[PDB]
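S.K.: You'll find input_9.txt just under this line, and it carries compact mmCIF, C-alpha atoms and all ligand atoms.
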```txt
# COMPACT_ATOMS: atom_id res chain seq x y z
CA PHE A 22 9.63 -13.41 -31.64
CA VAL A 23 12.22 -14.96 -29.39
CA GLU A 24 14.71 -12.41 -30.49
CA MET A 25 12.53 -10.06 -28.43
CA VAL A 26 11.49 -12.18 -25.44
CA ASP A 27 12.80 -10.75 -22.19
CA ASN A 28 13.97 -7.50 -23.79
CA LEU A 29 12.66 -5.47 -20.80
CA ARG A 30 14.44 -4.66 -17.52
CA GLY A 31 13.80 -2.44 -14.54
CA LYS A 32 13.89 -1.80 -10.81
CA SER A 33 10.83 -2.20 -8.60
CA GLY A 34 8.75 0.95 -8.89
CA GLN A 35 11.01 2.65 -11.46
CA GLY A 36 9.27 1.34 -14.62
CA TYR A 37 10.17 -0.93 -17.51
CA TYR A 38 12.76 0.06 -20.04
CA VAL A 39 13.98 -1.30 -23.36
CA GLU A 40 17.36 -0.82 -25.00
CA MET A 41 17.39 1.46 -28.05
CA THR A 42 19.99 3.18 -30.23
CA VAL A 43 19.77 6.72 -31.45
CA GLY A 44 21.99 8.29 -34.14
CA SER A 45 24.87 7.22 -36.42
CA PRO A 46 27.05 5.82 -35.22
CA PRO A 47 24.49 4.35 -32.77
CA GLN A 48 24.29 5.61 -29.19
CA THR A 49 22.81 2.99 -26.82
CA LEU A 50 20.28 4.26 -24.25
CA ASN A 51 17.79 2.62 -21.87
CA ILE A 52 14.28 3.88 -22.59
CA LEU A 53 11.25 3.56 -20.37
CA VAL A 54 8.26 1.99 -22.09
CA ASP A 55 5.27 4.29 -21.54
CA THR A 56 1.86 3.44 -23.07
CA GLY A 57 0.51 6.48 -21.24
CA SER A 58 2.29 9.09 -23.36
CA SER A 59 3.24 9.67 -26.99
CA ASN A 60 6.63 11.43 -27.06
CA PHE A 61 10.02 9.90 -27.71
CA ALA A 62 12.27 11.96 -25.43
CA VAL A 63 15.83 11.32 -24.20
CA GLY A 64 18.23 13.06 -21.78
CA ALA A 65 20.69 15.05 -23.94
CA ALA A 66 22.73 16.81 -21.25
CA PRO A 67 24.86 15.35 -18.41
CA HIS A 68 22.24 15.22 -15.66
CA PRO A 69 23.92 13.85 -12.50
CA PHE A 70 21.51 10.86 -12.19
CA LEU A 71 21.88 9.68 -15.80
CA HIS A 72 24.25 6.89 -16.82
CA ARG A 73 24.37 8.10 -20.39
CA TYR A 74 22.75 10.71 -22.68
CA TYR A 75 22.08 11.61 -26.32
CA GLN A 76 25.02 13.56 -27.72
CA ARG A 77 23.65 15.16 -30.88
CA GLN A 78 27.10 16.52 -31.75
CA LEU A 79 28.31 12.97 -32.51
CA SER A 80 25.40 12.11 -34.80
CA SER A 81 25.72 12.51 -38.57
CA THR A 82 22.06 11.82 -39.16
CA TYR A 83 20.64 14.30 -36.65
CA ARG A 84 18.35 17.06 -37.93
CA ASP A 85 17.07 20.04 -36.00
CA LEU A 86 13.39 20.80 -36.06
CA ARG A 87 14.23 24.25 -34.73
CA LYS A 88 11.46 23.96 -32.15
CA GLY A 89 11.30 23.39 -28.39
CA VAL A 90 8.89 21.47 -26.11
CA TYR A 91 7.65 21.96 -22.58
CA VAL A 92 5.98 19.07 -20.84
CA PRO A 93 4.56 19.87 -17.44
CA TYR A 94 2.81 16.97 -15.83
CA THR A 95 1.59 16.23 -12.31
CA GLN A 96 5.10 16.76 -10.88
CA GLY A 97 7.26 17.73 -12.37
CA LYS A 98 8.30 18.46 -15.95
CA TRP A 99 10.71 18.02 -18.85
CA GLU A 100 11.75 20.37 -21.67
CA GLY A 101 13.79 19.59 -24.71
CA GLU A 102 14.71 20.42 -28.28
CA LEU A 103 12.93 18.72 -31.17
CA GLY A 104 14.96 16.99 -33.87
CA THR A 105 15.00 13.71 -35.77
CA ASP A 106 17.50 10.87 -36.14
CA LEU A 107 17.91 7.18 -36.87
CA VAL A 108 16.41 4.96 -34.19
CA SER A 109 16.92 1.22 -33.83
CA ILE A 110 16.00 -1.38 -31.21
CA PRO A 111 18.68 -4.02 -30.67
CA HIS A 112 16.27 -6.66 -29.41
CA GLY A 113 13.35 -5.73 -31.57
CA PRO A 114 12.66 -5.95 -35.26
CA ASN A 115 15.58 -5.57 -37.68
CA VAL A 116 14.90 -2.08 -38.89
CA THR A 117 16.03 1.51 -38.55
CA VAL A 118 13.70 4.47 -38.72
CA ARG A 119 13.89 8.24 -38.75
CA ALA A 120 11.85 9.28 -35.73
CA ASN A 121 11.18 12.53 -33.92
CA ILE A 122 13.31 12.98 -30.85
CA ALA A 123 12.88 15.46 -28.06
CA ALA A 124 16.38 16.03 -26.72
CA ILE A 125 15.62 16.61 -23.04
CA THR A 126 17.46 19.72 -21.90
CA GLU A 127 15.83 20.65 -18.59
CA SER A 128 14.08 18.43 -16.13
CA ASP A 129 12.41 18.35 -12.74
CA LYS A 130 11.32 15.27 -10.81
CA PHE A 131 11.46 13.35 -14.07
CA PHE A 132 14.67 11.28 -13.99
CA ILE A 133 15.02 8.94 -11.04
CA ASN A 134 18.04 9.05 -8.76
CA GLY A 135 19.13 5.44 -8.84
CA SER A 136 17.43 4.27 -12.05
CA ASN A 137 19.02 2.89 -15.17
CA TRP A 138 17.00 4.59 -17.83
CA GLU A 139 17.74 7.92 -19.46
CA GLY A 140 14.75 8.33 -21.81
CA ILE A 141 11.07 7.73 -22.39
CA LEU A 142 9.31 6.05 -25.28
CA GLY A 143 5.75 7.17 -25.59
CA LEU A 144 3.61 4.51 -27.13
CA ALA A 145 0.26 6.25 -27.21
CA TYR A 146 -1.32 8.30 -29.97
CA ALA A 147 -0.57 11.61 -31.69
CA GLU A 148 -3.62 13.32 -30.16
CA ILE A 149 -1.73 13.64 -26.86
CA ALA A 150 1.72 14.23 -28.37
CA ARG A 151 3.51 17.40 -27.25
CA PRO A 152 3.32 20.09 -28.41
CA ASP A 153 0.63 18.82 -30.80
CA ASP A 154 -0.64 16.04 -33.05
CA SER A 155 1.68 17.17 -35.79
CA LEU A 156 4.53 15.45 -33.95
CA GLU A 157 4.41 11.88 -35.29
CA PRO A 158 5.05 9.33 -32.50
CA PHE A 159 7.72 6.65 -32.75
CA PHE A 160 5.39 3.74 -33.43
CA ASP A 161 3.43 5.63 -36.07
CA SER A 162 6.79 6.34 -37.68
CA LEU A 163 7.87 2.67 -37.33
CA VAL A 164 4.82 1.28 -39.17
CA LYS A 165 4.92 3.95 -41.95
CA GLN A 166 8.59 3.28 -42.76
CA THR A 167 8.59 -0.49 -42.54
CA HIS A 168 6.35 -3.54 -42.91
CA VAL A 169 6.37 -4.02 -39.13
CA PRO A 170 2.73 -4.83 -38.31
CA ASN A 171 0.77 -2.11 -36.49
CA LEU A 172 0.75 -3.92 -33.17
CA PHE A 173 2.82 -4.48 -30.03
CA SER A 174 2.34 -6.54 -26.88
CA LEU A 175 3.73 -6.46 -23.38
CA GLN A 176 4.21 -9.08 -20.69
CA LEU A 177 5.38 -7.27 -17.57
CA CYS A 178 6.69 -9.77 -15.05
CA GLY A 179 8.00 -7.74 -12.14
CA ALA A 191 14.89 -5.33 -6.75
CA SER A 192 15.02 -6.32 -10.45
CA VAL A 193 12.07 -6.84 -12.82
CA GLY A 194 11.68 -8.02 -16.40
CA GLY A 195 9.35 -8.54 -19.28
CA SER A 196 8.97 -8.56 -23.00
CA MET A 197 7.92 -6.04 -25.58
CA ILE A 198 7.01 -7.92 -28.75
CA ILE A 199 6.96 -5.36 -31.52
CA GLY A 200 4.90 -6.24 -34.56
CA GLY A 201 3.13 -9.25 -33.12
CA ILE A 202 2.24 -11.82 -30.50
CA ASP A 203 4.34 -14.47 -28.78
CA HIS A 204 1.87 -17.18 -27.74
CA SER A 205 4.40 -18.68 -25.41
CA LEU A 206 3.91 -15.56 -23.28
CA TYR A 207 0.35 -16.45 -22.34
CA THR A 208 -2.11 -19.22 -21.47
CA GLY A 209 -5.74 -19.64 -22.43
CA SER A 210 -7.31 -17.20 -24.87
CA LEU A 211 -6.92 -13.47 -25.53
CA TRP A 212 -10.06 -11.39 -24.96
CA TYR A 213 -10.33 -7.97 -26.59
CA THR A 214 -11.68 -4.64 -25.39
CA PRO A 215 -12.16 -1.81 -27.92
CA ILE A 216 -9.83 1.19 -27.81
CA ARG A 217 -12.49 3.90 -27.41
CA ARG A 218 -10.58 6.94 -28.71
CA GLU A 219 -7.08 6.79 -30.18
CA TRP A 220 -5.31 9.27 -27.84
CA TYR A 221 -4.32 7.44 -24.68
CA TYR A 222 -5.23 3.77 -24.77
CA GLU A 223 -8.76 4.37 -23.47
CA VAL A 224 -11.09 1.49 -22.73
CA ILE A 225 -14.38 1.14 -20.87
CA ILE A 226 -14.83 -0.60 -17.54
CA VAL A 227 -18.29 -2.00 -17.37
CA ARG A 228 -18.39 -3.58 -13.92
CA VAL A 229 -16.26 -4.08 -10.83
CA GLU A 230 -16.31 -6.85 -8.28
CA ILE A 231 -14.47 -7.52 -5.05
CA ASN A 232 -14.54 -11.21 -4.27
CA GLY A 233 -17.38 -11.64 -6.79
CA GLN A 234 -19.53 -8.88 -5.28
CA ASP A 235 -20.55 -6.16 -7.73
CA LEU A 236 -19.93 -2.61 -6.49
CA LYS A 237 -23.22 -1.72 -8.19
CA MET A 238 -22.12 1.83 -9.05
CA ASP A 239 -23.35 3.67 -12.15
CA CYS A 240 -20.72 2.13 -14.40
CA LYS A 241 -20.14 5.63 -15.80
CA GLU A 242 -18.29 6.34 -12.57
CA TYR A 243 -15.71 3.67 -13.44
CA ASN A 244 -14.65 5.73 -16.45
CA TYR A 245 -14.79 9.19 -14.90
CA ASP A 246 -13.51 10.77 -16.77
CA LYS A 247 -11.31 8.21 -18.45
CA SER A 248 -9.94 4.71 -18.20
CA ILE A 249 -6.59 3.84 -19.69
CA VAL A 250 -3.93 1.14 -19.85
CA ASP A 251 -0.63 2.56 -18.65
CA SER A 252 2.69 0.72 -18.46
CA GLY A 253 3.90 4.09 -17.18
CA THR A 254 2.02 3.71 -13.88
CA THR A 255 2.70 1.40 -10.98
CA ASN A 256 -0.70 1.61 -9.33
CA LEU A 257 -4.18 0.52 -10.11
CA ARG A 258 -5.69 3.98 -9.86
CA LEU A 259 -9.46 4.45 -9.46
CA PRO A 260 -11.55 7.60 -9.54
CA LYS A 261 -12.32 9.10 -6.13
CA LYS A 262 -15.89 7.76 -5.81
CA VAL A 263 -15.06 4.26 -7.08
CA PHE A 264 -11.92 3.91 -4.95
CA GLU A 265 -13.95 4.99 -1.97
CA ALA A 266 -16.41 2.14 -2.55
CA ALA A 267 -13.67 -0.16 -3.78
CA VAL A 268 -11.75 0.21 -0.51
CA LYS A 269 -14.78 0.08 1.78
CA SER A 270 -15.61 -3.30 0.20
CA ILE A 271 -11.99 -4.48 0.31
CA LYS A 272 -11.99 -3.56 4.00
CA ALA A 273 -15.18 -5.57 4.67
CA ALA A 274 -13.80 -8.57 2.81
CA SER A 275 -10.65 -8.30 4.90
CA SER A 276 -12.21 -8.05 8.39
CA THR A 277 -9.92 -10.82 9.64
CA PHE A 280 -5.27 -1.79 9.45
CA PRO A 281 -4.98 2.01 9.96
CA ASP A 282 -6.69 4.37 7.47
CA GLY A 283 -3.44 5.97 6.31
CA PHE A 284 -2.42 2.59 4.92
CA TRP A 285 -5.42 2.29 2.58
CA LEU A 286 -4.46 5.80 1.49
CA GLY A 287 -0.86 4.88 0.76
CA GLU A 288 0.37 7.00 3.65
CA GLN A 289 1.86 4.07 5.56
CA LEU A 290 2.99 0.47 5.14
CA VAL A 291 1.85 -2.88 6.53
CA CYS A 292 4.22 -5.68 7.53
CA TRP A 300 -2.77 -13.56 1.39
CA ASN A 301 -6.12 -15.31 1.67
CA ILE A 302 -7.63 -12.75 3.98
CA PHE A 303 -7.59 -10.55 0.84
CA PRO A 304 -10.25 -10.40 -1.95
CA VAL A 305 -9.58 -10.89 -5.66
CA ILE A 306 -10.56 -7.85 -7.72
CA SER A 307 -12.35 -8.18 -11.07
CA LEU A 308 -12.73 -5.69 -13.89
CA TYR A 309 -15.30 -6.33 -16.59
CA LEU A 310 -14.34 -4.57 -19.77
CA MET A 311 -16.46 -3.85 -22.82
CA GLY A 312 -16.27 -6.79 -25.19
CA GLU A 313 -15.95 -6.88 -28.97
CA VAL A 314 -19.67 -7.52 -29.49
CA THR A 315 -22.84 -5.64 -28.51
CA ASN A 316 -24.04 -6.45 -24.98
CA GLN A 317 -20.93 -8.66 -24.49
CA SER A 318 -18.11 -8.28 -21.95
CA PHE A 319 -15.26 -10.21 -20.33
CA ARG A 320 -13.48 -9.90 -17.01
CA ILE A 321 -9.89 -9.73 -15.85
CA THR A 322 -9.19 -10.82 -12.25
CA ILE A 323 -6.13 -10.01 -10.11
CA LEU A 324 -4.90 -11.31 -6.76
CA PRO A 325 -3.56 -9.48 -3.70
CA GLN A 326 -0.12 -10.60 -4.75
CA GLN A 327 -0.74 -7.88 -7.32
CA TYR A 328 -2.27 -4.96 -5.48
CA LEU A 329 -0.05 -5.59 -2.43
CA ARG A 330 3.48 -4.46 -3.29
CA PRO A 331 6.64 -5.42 -1.32
CA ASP A 341 8.00 -7.82 5.32
CA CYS A 342 6.38 -4.47 4.45
CA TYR A 343 3.82 -3.96 1.70
CA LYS A 344 2.31 -0.87 0.06
CA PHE A 345 -1.40 -0.74 -0.83
CA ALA A 346 -1.06 -0.45 -4.59
CA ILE A 347 -4.56 0.93 -5.22
CA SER A 348 -5.03 4.70 -5.10
CA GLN A 349 -7.54 7.46 -5.80
CA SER A 350 -7.32 9.50 -8.98
CA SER A 351 -8.55 12.67 -10.61
CA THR A 352 -7.58 11.77 -14.16
CA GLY A 353 -9.67 8.60 -14.35
CA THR A 354 -8.95 4.93 -13.88
CA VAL A 355 -5.35 3.95 -14.57
CA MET A 356 -4.60 0.32 -15.27
CA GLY A 357 -0.93 0.19 -14.32
CA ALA A 358 1.48 -2.60 -13.50
CA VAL A 359 -0.90 -3.67 -10.74
CA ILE A 360 -3.20 -4.86 -13.54
CA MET A 361 -0.69 -5.32 -16.37
CA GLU A 362 1.60 -7.67 -14.41
CA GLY A 363 -1.29 -10.13 -14.22
CA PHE A 364 -1.75 -10.35 -17.98
CA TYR A 365 -0.25 -10.55 -21.44
CA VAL A 366 -1.53 -7.35 -23.00
CA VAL A 367 -1.81 -6.90 -26.75
CA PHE A 368 -2.13 -3.36 -28.11
CA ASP A 369 -3.75 -4.09 -31.44
CA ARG A 370 -3.64 -0.64 -33.02
CA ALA A 371 -4.49 -2.05 -36.46
CA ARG A 372 -7.91 -3.11 -35.19
CA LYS A 373 -8.37 -0.38 -32.54
CA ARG A 374 -8.48 -2.95 -29.72
CA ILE A 375 -6.55 -4.32 -26.73
CA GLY A 376 -6.38 -7.96 -25.75
CA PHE A 377 -5.88 -9.52 -22.31
CA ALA A 378 -4.65 -13.05 -21.58
CA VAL A 379 -3.46 -14.72 -18.42
CA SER A 380 0.29 -14.03 -18.25
CA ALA A 381 2.58 -17.08 -18.26
CA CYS A 382 4.67 -15.22 -15.67
CA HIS A 383 2.28 -13.58 -13.20
CA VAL A 384 2.79 -14.45 -9.54
CA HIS A 385 0.12 -16.69 -8.17
CA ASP A 386 -0.15 -18.86 -5.15
CA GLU A 387 -1.62 -22.33 -4.94
CA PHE A 388 -5.26 -21.41 -4.63
CA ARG A 389 -6.22 -18.31 -6.60
CA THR A 390 -4.87 -17.40 -10.02
CA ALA A 391 -5.15 -14.32 -12.21
CA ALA A 392 -7.87 -14.99 -14.76
CA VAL A 393 -9.39 -13.81 -18.02
CA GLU A 394 -12.90 -15.08 -18.58
CA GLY A 395 -15.88 -14.55 -20.83
CA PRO A 396 -18.20 -14.01 -22.46
CA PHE A 397 -20.68 -12.27 -20.22
CA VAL A 398 -23.85 -10.43 -21.06
CA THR A 399 -23.77 -6.82 -19.93
CA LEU A 400 -26.45 -4.44 -21.16
CA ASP A 401 -25.93 -0.72 -21.85
CA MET A 402 -22.12 -0.87 -22.00
CA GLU A 403 -21.92 2.23 -24.19
CA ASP A 404 -23.41 4.24 -21.31
CA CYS A 405 -20.43 3.47 -19.08
CA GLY A 406 -18.41 5.83 -21.26
CA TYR A 407 -18.12 9.49 -20.40
CA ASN A 408 -18.52 12.75 -22.33
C1 LIG T 1 6.61 3.77 -13.30
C2 LIG T 1 7.36 5.07 -13.45
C3 LIG T 1 8.41 5.35 -12.59
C4 LIG T 1 9.11 6.55 -12.72
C5 LIG T 1 8.76 7.48 -13.70
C6 LIG T 1 7.70 7.21 -14.56
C7 LIG T 1 7.35 8.22 -15.61
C8 LIG T 1 7.83 9.52 -15.52
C9 LIG T 1 7.51 10.46 -16.51
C10 LIG T 1 6.70 10.13 -17.59
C11 LIG T 1 6.42 11.13 -18.67
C12 LIG T 1 5.64 12.39 -18.27
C13 LIG T 1 4.94 11.26 -19.05
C14 LIG T 1 4.02 10.53 -18.14
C15 LIG T 1 3.58 11.13 -16.94
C16 LIG T 1 2.72 10.46 -16.08
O1 LIG T 1 2.32 10.98 -15.00
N1 LIG T 1 2.28 9.16 -16.44
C17 LIG T 1 1.38 8.44 -15.53
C18 LIG T 1 2.74 8.58 -17.66
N2 LIG T 1 2.35 7.34 -18.03
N3 LIG T 1 3.59 9.28 -18.46
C19 LIG T 1 6.25 8.81 -17.68
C20 LIG T 1 6.55 7.86 -16.70
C21 LIG T 1 7.01 6.00 -14.43
```
Could you rewrite the structure in this file as C-alpha cells?
M.R.:
Amino acid sequence: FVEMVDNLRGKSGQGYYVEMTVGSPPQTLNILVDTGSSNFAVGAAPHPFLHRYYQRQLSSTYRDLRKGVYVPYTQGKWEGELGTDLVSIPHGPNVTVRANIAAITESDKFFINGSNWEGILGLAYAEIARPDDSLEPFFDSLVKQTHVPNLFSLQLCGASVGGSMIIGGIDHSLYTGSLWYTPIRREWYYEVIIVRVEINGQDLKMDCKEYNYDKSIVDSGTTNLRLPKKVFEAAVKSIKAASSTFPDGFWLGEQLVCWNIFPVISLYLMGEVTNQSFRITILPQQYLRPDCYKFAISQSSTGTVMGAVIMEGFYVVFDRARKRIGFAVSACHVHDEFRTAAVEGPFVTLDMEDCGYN
C-alpha cells in the first residue's frame, strides 16, 4: 500500500488530515482523521478560517437528505445539512462511494484559525453517529460498496507532522516486531480495556476498573493521553516521585517547562485470550510535547483517551472485521539511544473482564 504511505499531513496540535474529494466534478478538501467520532462533515460555507469548502451547487451527484444536524461537544459545536455525494480519496484505494455528508453550516470553536483542514472524517461506529445510528458512517459505506477490506491502520509520526492511513490493510514496512491485539469491547467508539498501568515498571495497583471509568478509547482526534481523575491523580503522583531529580500548574497543563529523569509509562491492555494481556510502553519524548514543553497527560471525565501521545508511539491497526485493534512498535516513533517505545507480551493477568465498566 505504498500508494497510501505518507498520505497524512498536519500541524503540531491541529490533528492529522487526509486529502479527499467530494462531488462531481471532484472538489478537493483536507479532512481530519478522527477515530473518536463517526460523522463525515465538511465546511460548506465561506468561514473566514477555511481555505476551501464544499460547494453543493457545483455538484451534479449531490442529494439532499432534507434533514439537519446539531453536534454540541465539549466546546463548542457544529451544525450542518445532511446530504449524500460521491466521495473519493486520491491517495487511498481506487474507488468512489456514495457517502452521507453533513454540510457544515454553522460552527463554534470547531475550525482552527491557522489550520489547513476544512472537514472531519469520523471513523468510529454508527452507535455514536449524529443524529442517530441510522446515519451510515463513511467507512461502513466504503466496505458495503466495494471489496475494500473492513480494516484501516494508522501510523502517526508527528511545525509539520505526517503519517499514513492505510485503508483496507496493513503495510508491514510501517512497523517492527509483532502486532498485538486488544479486543474492541463495544462497537461505538473504539473502546478497549486497560488492565494495568505502570510508571517505570511500578504498578499503580488501582482497581483496574478505575482505568476504564467510564470508558477507554483510541482517539486520533485527541492530542493528549487523558486519564480519569482518580488514575491521573495517582499517575502523576508516581510520575512526580520518579522524577524527583516543577510547579503544580505544570502537571495540570496550566503552565510550561523549559529526558532520563522521566519514567516510561506502560499500559497493559486486554489480550486476545482469556487471562492474557500485553503492554504498550511510551517514553517522555511522547508525553512531553514541544525549549518549552507541555505536559501531555491530563485528567478526564469521559474516560481514558489514548490520543497521539500513545498513538505516535505505535502502528495501530483498527481491525473492524475481527472486532479488535492491534499495536506494534512504529517504525517512525521518536526514541533516544537508551529507551524505546515497546510492545510486549504475553502476560498473565487474571480477572481482566472485571476491569470493564457498566
Ligand atoms: C487534535 C484536534 C485538533 C483540533 C480539533 C480536533 C477536533 C475537533 C472537533 C472534532 C469533532 C467534534 C468531534 C470530536 C470532538 C472531540 O472532543 N473529540 C475528542 C473527538 N475525537 N472528536 C474532532 C476533533 C482535534
S.K.: Using all atoms listed in the file, find each residue of region 241-328 of chain A with at least one atom at most 12 Å away from an atom of region 365-374 of chain A; report its shortest atom-to-atom pair and that distance in Å (one decimal), sort the rows by chain and rising residue number, and return the result as CSV.
M.R.:
```
residue,atom,partner,partner_atom,distance
A:249,CA,A:368,CA,11.9
A:250,CA,A:366,CA,9.4
A:251,CA,A:366,CA,10.9
A:252,CA,A:366,CA,10.2
A:310,CA,A:374,CA,11.7
A:311,CA,A:374,CA,10.6
A:312,CA,A:374,CA,9.8
A:313,CA,A:374,CA,8.5
A:321,CA,A:365,CA,11.2
```
S.K.: What would the file look like if the residues just selected were written as a tab-separated table (two decimals), in the coordinates of the input with C-alpha atoms?
M.R.:
```
chain	number	residue	atom	x	y	z
A	249	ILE	CA	-6.59	3.84	-19.69
A	250	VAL	CA	-3.93	1.14	-19.85
A	251	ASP	CA	-0.63	2.56	-18.65
A	252	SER	CA	2.69	0.72	-18.46
A	310	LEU	CA	-14.34	-4.57	-19.77
A	311	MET	CA	-16.46	-3.85	-22.82
A	312	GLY	CA	-16.27	-6.79	-25.19
A	313	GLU	CA	-15.95	-6.88	-28.97
A	321	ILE	CA	-9.89	-9.73	-15.85
```
S.K.: With all atoms listed in the file as the atoms that count, which of A:245, A:70, A:328, A:221 lies nearest to residue 406 (chain A)?
M.R.: A:245
S.K.: Check which residues fall inside 7 Å of ligand LIG 1 (chain T) when counting only C-alpha atoms and all ligand atoms, and print them as a list in words.
M.R.: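 Based on only C-alpha atoms and all ligand atoms, ligand LIG 1 (chain T) is surrounded within 7 Å by residues 34, 35, 36, 55, 56, 57, 58, 94, 95, 131, 133, 141, 251, 252, 253, 254 and 255 of chain A.
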S.K.: Residues at most 9 Å from region 166-177 of chain A, counting all atoms listed in the file, excluding those fewer than 2 positions away in the same chain, as a PyMOL selection string?
M.R.: chain A and resi 27+29+37+114+116-119+160-164+179+193-203+206-207+252+358+361-372+376+380-383
S.K.: Output C-alpha atoms for every residue in the selection just made, as an mmCIF file, keeping the file's coordinate frame.
M.R.:
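Output saved as part_39.cif:
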```cif
data_model
loop_
_atom_site.group_PDB
_atom_site.id
_atom_site.type_symbol
_atom_site.label_atom_id
_atom_site.label_comp_id
_atom_site.auth_asym_id
_atom_site.auth_seq_id
_atom_site.Cartn_x
_atom_site.Cartn_y
_atom_site.Cartn_z
ATOM 1 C CA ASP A 27 12.800 -10.750 -22.190
ATOM 2 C CA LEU A 29 12.660 -5.470 -20.800
ATOM 3 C CA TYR A 37 10.170 -0.930 -17.510
ATOM 4 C CA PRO A 114 12.660 -5.950 -35.260
ATOM 5 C CA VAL A 116 14.900 -2.080 -38.890
ATOM 6 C CA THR A 117 16.030 1.510 -38.550
ATOM 7 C CA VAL A 118 13.700 4.470 -38.720
ATOM 8 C CA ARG A 119 13.890 8.240 -38.750
ATOM 9 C CA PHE A 160 5.390 3.740 -33.430
ATOM 10 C CA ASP A 161 3.430 5.630 -36.070
ATOM 11 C CA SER A 162 6.790 6.340 -37.680
ATOM 12 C CA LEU A 163 7.870 2.670 -37.330
ATOM 13 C CA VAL A 164 4.820 1.280 -39.170
ATOM 14 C CA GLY A 179 8.000 -7.740 -12.140
ATOM 15 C CA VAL A 193 12.070 -6.840 -12.820
ATOM 16 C CA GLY A 194 11.680 -8.020 -16.400
ATOM 17 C CA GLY A 195 9.350 -8.540 -19.280
ATOM 18 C CA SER A 196 8.970 -8.560 -23.000
ATOM 19 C CA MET A 197 7.920 -6.040 -25.580
ATOM 20 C CA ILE A 198 7.010 -7.920 -28.750
ATOM 21 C CA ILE A 199 6.960 -5.360 -31.520
ATOM 22 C CA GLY A 200 4.900 -6.240 -34.560
ATOM 23 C CA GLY A 201 3.130 -9.250 -33.120
ATOM 24 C CA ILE A 202 2.240 -11.820 -30.500
ATOM 25 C CA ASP A 203 4.340 -14.470 -28.780
ATOM 26 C CA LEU A 206 3.910 -15.560 -23.280
ATOM 27 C CA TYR A 207 0.350 -16.450 -22.340
ATOM 28 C CA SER A 252 2.690 0.720 -18.460
ATOM 29 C CA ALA A 358 1.480 -2.600 -13.500
ATOM 30 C CA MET A 361 -0.690 -5.320 -16.370
ATOM 31 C CA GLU A 362 1.600 -7.670 -14.410
ATOM 32 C CA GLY A 363 -1.290 -10.130 -14.220
ATOM 33 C CA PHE A 364 -1.750 -10.350 -17.980
ATOM 34 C CA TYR A 365 -0.250 -10.550 -21.440
ATOM 35 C CA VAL A 366 -1.530 -7.350 -23.000
ATOM 36 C CA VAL A 367 -1.810 -6.900 -26.750
ATOM 37 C CA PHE A 368 -2.130 -3.360 -28.110
ATOM 38 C CA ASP A 369 -3.750 -4.090 -31.440
ATOM 39 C CA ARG A 370 -3.640 -0.640 -33.020
ATOM 40 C CA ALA A 371 -4.490 -2.050 -36.460
ATOM 41 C CA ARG A 372 -7.910 -3.110 -35.190
ATOM 42 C CA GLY A 376 -6.380 -7.960 -25.750
ATOM 43 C CA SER A 380 0.290 -14.030 -18.250
ATOM 44 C CA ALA A 381 2.580 -17.080 -18.260
ATOM 45 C CA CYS A 382 4.670 -15.220 -15.670
ATOM 46 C CA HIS A 383 2.280 -13.580 -13.200
#
```
S.K.: Interatomic distance between CA of residue 75 (chain A) and CA of residue 28 (chain A)?
M.R.: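 Interatomic distance, CA of residue 75 (chain A) to CA of residue 28 (chain A): 20.9 Å.
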S.K.: For residue 241 (chain A), which residue out of A:142, A:379, A:39, A:225 is the nearest one, using all atoms listed in the file?
M.R.: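 Closest to residue 241 (chain A), using all atoms listed in the file: A:225.
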